[PDB]
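Reading the structure
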Amino acid sequence: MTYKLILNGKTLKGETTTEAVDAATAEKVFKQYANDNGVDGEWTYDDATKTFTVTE
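Deposited coordinates in this entry are attributed by the record to solution NMR.

The name the PDB entry assigns to the protein chain is PROTEIN G, from the organism Streptococcus sp. 'group G'. The record deposited in the PDB is entitled "A NOVEL, HIGHLY STABLE FOLD OF THE IMMUNOGLOBULIN BINDING DOMAIN OF STREPTOCOCCAL PROTEIN G".

Right, dumping it as structure tokens:
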């Protein structure tokens, strides 16, 4: 299971897919990535199409 993250950072936007066994580990896994960019604030989850999304 691999969800798709959508970075809606104000000064930065992107998107990457990560492999996670559950939604919990998926929240920190992606968060760990965004951190390497400086995008931390509100986090959303689209269980409708397996697509993660975050917006600073």
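Quick notes on the nonpolar core
With ten residues, the main nonpolar core is built from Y3, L5, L7, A20, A26, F30, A34, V39, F52 and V54. Of all the elements in the fold, those that place two or more residues in this core are β1 (2-7), α1 (23-35) and β4 (51-55). The residues contacting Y3, other than those within four sequence positions of it, are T16, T17, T18, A20, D22, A23, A26, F30, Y45, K50 and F52.

Quick look at the packing of aromatic side chains
On inspection of all chains with the given rule, the structure shows four aromatic pairs. Ring centres of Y3 and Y45 lie 5.6 Å apart, and the angle between their planes is 75°; this geometry places the pair in the edge-to-face category. Of this pair, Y3 sits in strand β1 while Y45 sits in strand β3 (residues 42-46); the two residues are 42 residues apart in sequence, bridging distant segments of the chain. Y3 sits in the buried class, given a relative accessible area of 9%. When the ring of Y3 is compared with that of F52, the centres are 6.1 Å apart and the planes differ by 85°; the resulting orientation is edge-to-face. Residue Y3 is located in strand β1, and its partner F52 is located in strand β4; the two are separated by 49 residues in the primary sequence. For the pair shown, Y3 and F52 are each scored as buried. The structure contains a cluster of three or more aromatic residues connected by ring pairs, namely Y3, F30, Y45 and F52.

A word on the side chain of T51
Position of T51 relative to the elements: it lies in strand β4. Judged by relative accessible area, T51 falls into the buried class, the value being 13%. Not counting chain neighbours up to four residues away, the residues in contact with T51 comprise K4, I6, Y45 and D46.

Conventions used here
- Residues numbered from 1 in each chain as written, not as in the entry; some residues may be left out.
- Heavy atoms only, no water.
- Core = buried A, V, L, I, M, F, W, Y, C linked by side-chain atoms within 4.5 Å.
- Buried < 20%, exposed > 50% of the residue type's maximum accessible area, 1.4 Å probe, protein only.
- Helix = DSSP H or I, 4+ residues; strand = E, 2+ residues; numbered from the N terminus.
- Contact = heavy atoms within 4.5 Å.
- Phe/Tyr/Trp six-rings, centres within 6.5 Å; stacked < 30°, edge-to-face > 60°.

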